[PDB]
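Undergrad:
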Amino acid sequence: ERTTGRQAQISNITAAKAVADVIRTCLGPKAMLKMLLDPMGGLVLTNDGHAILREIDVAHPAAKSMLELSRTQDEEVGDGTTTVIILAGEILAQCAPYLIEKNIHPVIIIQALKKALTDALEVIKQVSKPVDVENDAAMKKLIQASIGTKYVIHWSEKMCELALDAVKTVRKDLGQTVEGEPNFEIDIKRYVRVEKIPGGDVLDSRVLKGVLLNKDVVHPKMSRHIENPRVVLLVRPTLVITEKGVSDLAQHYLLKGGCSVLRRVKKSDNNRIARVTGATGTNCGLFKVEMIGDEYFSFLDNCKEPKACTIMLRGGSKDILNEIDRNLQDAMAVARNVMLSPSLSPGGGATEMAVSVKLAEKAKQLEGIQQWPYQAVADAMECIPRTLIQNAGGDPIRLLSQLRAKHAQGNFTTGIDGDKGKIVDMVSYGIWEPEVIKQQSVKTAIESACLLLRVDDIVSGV
Amino acid sequence: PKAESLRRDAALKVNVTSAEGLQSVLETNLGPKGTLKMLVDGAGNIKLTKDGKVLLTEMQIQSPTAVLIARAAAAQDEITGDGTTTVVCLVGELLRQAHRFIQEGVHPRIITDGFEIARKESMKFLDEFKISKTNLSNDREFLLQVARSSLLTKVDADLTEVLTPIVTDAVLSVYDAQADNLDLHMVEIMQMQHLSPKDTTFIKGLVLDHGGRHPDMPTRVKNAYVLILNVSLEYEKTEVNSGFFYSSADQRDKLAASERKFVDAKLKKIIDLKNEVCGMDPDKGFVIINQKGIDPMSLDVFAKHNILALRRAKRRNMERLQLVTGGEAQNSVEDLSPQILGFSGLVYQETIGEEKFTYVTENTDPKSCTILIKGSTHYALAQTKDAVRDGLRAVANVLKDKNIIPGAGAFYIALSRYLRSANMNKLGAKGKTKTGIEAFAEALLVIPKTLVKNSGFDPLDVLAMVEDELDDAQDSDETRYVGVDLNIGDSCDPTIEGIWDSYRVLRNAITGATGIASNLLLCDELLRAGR
Amino acid sequence: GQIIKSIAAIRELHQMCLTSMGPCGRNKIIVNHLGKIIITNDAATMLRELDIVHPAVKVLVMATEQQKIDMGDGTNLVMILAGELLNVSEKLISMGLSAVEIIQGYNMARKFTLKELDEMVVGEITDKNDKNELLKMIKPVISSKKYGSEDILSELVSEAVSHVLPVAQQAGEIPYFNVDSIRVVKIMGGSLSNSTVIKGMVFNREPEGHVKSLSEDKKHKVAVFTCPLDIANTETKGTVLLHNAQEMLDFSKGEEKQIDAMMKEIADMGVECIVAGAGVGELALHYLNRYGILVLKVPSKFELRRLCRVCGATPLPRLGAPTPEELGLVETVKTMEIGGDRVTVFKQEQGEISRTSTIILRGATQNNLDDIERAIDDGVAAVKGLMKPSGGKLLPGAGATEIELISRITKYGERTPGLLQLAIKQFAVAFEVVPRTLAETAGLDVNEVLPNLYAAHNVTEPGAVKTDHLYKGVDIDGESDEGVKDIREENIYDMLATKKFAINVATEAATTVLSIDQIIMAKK
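Protein chains in written order, with the UniProt record's numbering: chain A, 13 to 246, 290 to 335, 349 to 530; chain B, 8 to 538; chain C, 26 to 549.
Below, the structure is given as structure tokens:
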């Protein structure tokens, strides 16, 4: 019913820790598969953490809050879902003796995690290296990490070009000190939403800026090329577009007015038309209705970059385009992180080790009550690369101490390799990860870990 | 303060232990010396099948580990169609050989990655070990011994000599010589009881269910014309609504015969076709299919002209009769043409009170076959049908793929010897890889030990005679294949004995059993959720 | 997981010792099966009265007895430190670090600590044996045991030590101070302010005679007679019996003339004191009253050993042979009333310097009476630690030693590469239990006093030479304060011989527990 005293703080830690300890094997390319027992004869053979956590029944409400965090993290970026859950669960494990045995007030721990969150972001920015976002050949290699070892490996040459133009279409580079930093206003969900059309070719597939409709002209004889077409949503306009259907009586009335009637338009697509037009249609680029792939199309595009559109996907069949959907969306999440800042971070756990080394040295100069929980954070930052060591077959005791000693001498970009299993450099061997995932993994894990410690009693009632 | 290294071992051991129980069950029935398993639901369903995939579909297993084992054979039956039990034996035995290595502290990733490296190296040695066979049709004598590999497994070997010419002549008769392919859907299997299984014979044409019943019907008709009749010969009524009004019973026959004149008018044009073309010529016949029913009045009319009367034919079986006979379907009698008649040979009908079958056999270009499996008991029908369907699919990959591999554990023993000496010469993978290759090499030697274990001969003596013979063949500068002879107990030459396995069957067996068995050891913990 | 449960069994007894060291410590009442209550504040003596079941605790008990036998002080530092080494090693065992490198890490950290003990010496004891100089060593010994008595008991203990020590300097060949030279006696009544210091043993029994005390003459002769007072007869049997009334007059007068003849020869030799270890007859006390001989009976043989080292007397196996060579000499003996009852004490004046002294305790509390008796015994061994093995060197106490070692050990952790860094870092963290124990038992907040201790020894000084105050230890407060204060104000220091010996014993104590992965026992 209700849990008071110090026993409630233990139940809050073990709730999110029991879930994070099981998914420890889901991290890295060497991640081991998992097997769940359903009441039905089927089972889940995949190692994806997002699919497994949704099928696990939980009791304590702290585990339910960790499930909602994985859903938000999965929408921002494609991978790194299990990294946030494990990092948020290990912090509570290292702070367990301090909160219970040492009898340290929880707000002191919460206030220390907020101070360590700022210091953790400054270290990652120093370890990161500059990268050119305008190079078309460099962006294809950054996306290639999410391309290869997948069914798209045969089209990988065409996929890197298709994913490149898909990101370049939604992004626009604008900045100044007058109106501030717009941050490019990039949204994958609404603006980058794709429509799969059967037939065509993947190489010939292009990204058109606008809304694509399959409805053709309602009159047999009409001009298929308009100089300055004007889109009107519902002055003597050059075009008439209706959301619902249009009877044949209105065809002859608007025929003498020099405008085309277009019916059967979806409501969700009307919001994207306002970006290429502004109607609550002058300077419209191409009116060509020419049929492509035995299906009548329409071109709403123009000479401007509204940062809104519908990507037209074409391929050999519908089954091929279905796998491209989830593969292209996960590939653009890495390219979107490159445009958020011209910096890259070393993978394989090198970024996780770079924060723990600089945190222990800086915490000794503060000389305050917050110094003790900083050592628990540095130990939690080292568990992420150590988890990959346990899955790589190497000695977790030896490889952890030898890697930490190399940071005091060498650089912070030296991680752990999954294929080999020995300490190697990430930059020279071509292992890279974006910094935005590292920023979202540390920030969301600390913010979620503080909320779990703020509840000292479980209230039962409706 | 909880950090546990106790997560090293988990229910994965039970996952391996649960696979050990399934191995001991399917170890006894593997091979021609195996045993015939029987499952009973309790409602009267009794099926006797030695195949592993067929039995696992009727048994529910709560352990999720054995679920993927049954699902691994789903791609084997739909492609290879043979070796479902052998794949299971390779998955279970590989877990036992790796059990000793897990307790020593070996990480399962090296064990898993070591199997994929040995699998890729096995494909290189597989191309050199295989033998390419020509597509010429003179290999039928060689295909007789190859087809016995699948036949001797599911039976006691007494019925193998009877089913050998039936399976061989079924595919080769309808298959012209080219790349092309073969279709087993055109071969229909029917069953009838109250007979012995040794009476099974080959059928060139199609077997019909309902036969004609009349004492004066001709028993044997040679060189008869098949004619599809789509009109109903049963009782008919006036096209407009009316009624029968009669004061006496004698007046009823006048109104009843008025509606019967529609059928008798069409029968006059049918009997004229027989006498028009080769009416008085000897060795001639006229047979009416008549998928629809037959009125009792036409029984005496068709008997005087020696015309075979048939009724109630399956709609699916009518599509094959158009290909075998060649005659087109004739809907109307007025539109009947003499070119509609097809061609057929001697047609004899066996007289049995329960059922009567019509033989469409002895045709120039039938382009179809029928395998009739008849037995008195219930298990005799299911056991023989399992050997025929497994035999047709085993030979299916023999004619398509020009490569053939010797069976009886020839490739399993040879591959284990090649991978053993090749690992020390290369040493390009890793020093810890030897644990995965040695476990994979020893896991392939269970198949020759399983076959000899059911025969009663000492598996230790047959293992030493094969290894000592292969060493003497290398120093003699020649190529000699060695195999396990189950009857005598010593080695044997697989080329002389005639034991051969398809290339695609053993290729997906080693590759399929490697990925499934490796994924089993990858499970860290068994979670129960969703209820 | 038996090695983890073994630490939990010690953890149950670990919290008992956490409330022992420090001013909050209290004695424990233990009722023996024989109906006797022994009350002592000392932990080493407490372990003797407690029955230990698990043999894993016996390893710590045997290591605790080593501290009491040799140095006699620091038993609380050995048990508490050894118990914390198992707690910090529990995280390393659960982390997956083998106990082999954990044991090897302590051997490397122990050698680094012993080499730094010579550079941490602040003052040097000149061994002057002055009354004011001994106040610095005795004060921390009485401290953390009984509160309020540290000022009064400091002058009583330091005065008795200077009486038994001769005048010498820079000579370590011949030992002088023993552990039996200081005896503690108790009597009902009085107070701590009225207590005095006696230069010799104190006898609380009655003289059993009409002579209360001897005269003021110099060099009184004292003779110890082990043979009882009676007429000389056959050693075998020799029971006096009366067959008839005729022999009664000869046997009665014979015993009177024989005893009087022996006492006359002894009185002529100048012996005014006769010590009879056995019983004394009725007729023997009549002659000793007229000759003015003090009657003293010491049945205990343990008290006669220390008496021979003072006056020089020797026990005689016979009676009636006053050999002047073996007789003792005492300057002055007096009988005065101390504690409400008249008793005959033993002291000196100038010559025949006594090597054994006794401090008389007075008080109205029975519980605190035995507390000081057991507390002085811990201070007796502190004087023994002034000898050649690092007797003059001293280190600052009051938690300042364990905190200062944290910065020195962690500096050498990153210097030594390899897996040894895990055991070196945890070895310095285990020293944090000492400052936390004094702050927790005294009611001080952990969020306040503890962070001020780390900032005291760690400061930013623009230069290589250390400055400001490195002497700040753990403060008990008791009135008011802000942060901590300097320990040099109260002059509380710890000897090097006590601290260095406690580290080697505590290191081998936790080494035995971590090395044992299996325990096999059977019922008795």
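A virtual CB, placed ideally from N, CA and C, is assigned to each residue, including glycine.
(1) Starting from A/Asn-459, find everything on chain B with Cβ-Cβ shorter than 7 Å and list it in chain order.
(2) Since C/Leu-539 and C/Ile-105 should fall inside the 8 Å C-beta cutoff, what is the C-beta to C-beta distance between them, to a whole number of angstroms?
(3) Is DSSP giving B/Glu-123 helix, strand or coil here?
(4) Indicate the three-state DSSP secondary structure (helix, strand or coil) for C/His-245 in the structure shown.
(5) So which residues of chain A does B/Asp-531 contact, with C-beta pairs closer than 7 Å?
(6) Identify the contact partners of B/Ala-524 in chain C, using a Cβ-Cβ distance below 9 Å as the criterion.
(7) Hey, B/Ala-316 and B/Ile-301: beta-carbon distance below 7 Å or not?
(8) So is A/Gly-529 buried or exposed if we call it buried at 16+ other beta carbons inside 10 Å?
(9) Return helix, strand or coil for C/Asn-203, following the three-state DSSP convention.
(10) Can you tell me whether DSSP reads B/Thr-35 as helix, strand or coil?
(11) At a Cβ cut of 7 Å, what residues of the stretch 113 to 126 of chain C count as close to chain B, listed as they run along the chain?
(12) Report all residues from its chain with a CB closer than 7 Å to the CB of B/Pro-373; omit the five preceding and five following residues, and keep chain order.
(13) Starting from the beta carbon of B/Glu-11, find every residue of chain C whose beta carbon is closer than 8 Å, and list them in chain order.
(14) With DSSP as the reference, label C/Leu-142 as helix, strand or coil.
(15) Can you tell which of B/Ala-82, B/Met-197, B/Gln-198, B/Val-181 has its C-alpha closest to the C-alpha of B/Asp-190?
(16) Just checking: is the beta-carbon of A/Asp-387 within a distance shorter than 7 Å of some beta-carbon in chain B?
(17) Using only alpha-carbon positions, find the residue among B/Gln-69, B/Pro-204, B/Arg-538, B/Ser-509 that is nearest to B/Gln-390.
(18) So within the stretch 415 to 447 of chain A, which uninterrupted alpha helix (DSSP H) runs reach at least 4 residues, ignoring any that extend past its ends?
(19) Can you give me the C-alpha to C-alpha distance between A/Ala-431 and A/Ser-516, rounded to a whole angstrom?
(20) Could you tell me which residues DSSP pairs with B/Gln-337 in its beta bridges?
(21) Using a Cβ cut-off of 7 Å (strictly closer), state whether A/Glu-435 contacts chain C.
(22) Chain C partners of B/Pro-8, CB-CB under 8 Å?
(23) By how many angstroms is the C-alpha of B/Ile-173 removed from the C-alpha of B/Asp-134?
(24) Taking buried to mean at least 16 other C-beta atoms within 10 Å of its own C-beta, is C/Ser-179 buried or exposed?
(25) Helix, strand or coil for C/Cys-333? Go by DSSP, reduced to three states.
(26) Can you grab the Cα-Cα spacing for the pair C/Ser-183 / C/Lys-156, in whole Å?
(27) Report the rounded CA-to-CA distance for A/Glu-501 versus C/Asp-502, giving the unit in angstroms.
(28) Since B/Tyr-510 and B/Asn-410 should fall inside the 8 Å C-beta cutoff, what is the C-beta to C-beta distance between them, to a whole number of angstroms?
(29) Tell me, please, whether the stretch 482 to 500 of chain B touches the stretch 110 to 122 of chain B by the rule of three or more beta-carbon pairs shorter than 8 Å.
(30) With contact counted as at least three CB pairs below 8 Å, one residue from each stretch, are the stretch 409 to 422 of chain C and the stretch 232 to 244 of chain C in contact?
(31) Tell me whether A/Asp-60 sits in a helix, a strand or coil according to DSSP, three-state version.
(32) At a CB-CB cut-off below 7 Å, which residues of chain B make contact with A/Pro-41?
(33) Scan the stretch 210 to 289 of chain B and note each continuous alpha helix (DSSP H) run of 4 residues or more that stays entirely inside, going in chain order.
(34) Report all residues from its chain with a CB closer than 6 Å to the CB of C/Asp-519; omit the five preceding and five following residues, and keep chain order.
(35) Residues bridged to C/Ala-301 by DSSP?
(36) Could you name the residues of the stretch 58 to 78 of chain A whose beta carbon sits closer than 7 Å to any beta carbon of chain B, in the order they occur along the chain?
TA: So, to answer that:
(1) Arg-116
(2) At roughly 17 Å, the Cβ-Cβ gap does not stay under 8 Å, so C/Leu-539 and C/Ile-105 are not in contact.
(3) helix
(4) strand
(5) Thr-37, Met-44, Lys-46
(6) Under the 9 Å cutoff, chain C gives no residues; its nearest Cβ is about 29 Å from B/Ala-524.
(7) yes
(8) exposed
(9) coil
(10) coil
(11) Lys-116, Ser-119, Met-120, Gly-121
(12) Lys-211, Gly-212, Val-331
(13) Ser-119
(14) coil
(15) B/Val-181
(16) no
(17) B/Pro-204
(18) 418 to 431
(19) 23 Å
(20) B/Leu-236
(21) yes
(22) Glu-115, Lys-116, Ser-119
(23) 32 Å
(24) buried
(25) helix
(26) 6 Å
(27) 55 Å
(28) 4 Å
(29) no
(30) no
(31) coil
(32) In chain order: nothing, as chain B lies at least about 11 Å away.
(33) 256 to 283
(34) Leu-420, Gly-422
(35) C/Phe-250, C/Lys-322
(36) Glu-67, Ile-68, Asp-69
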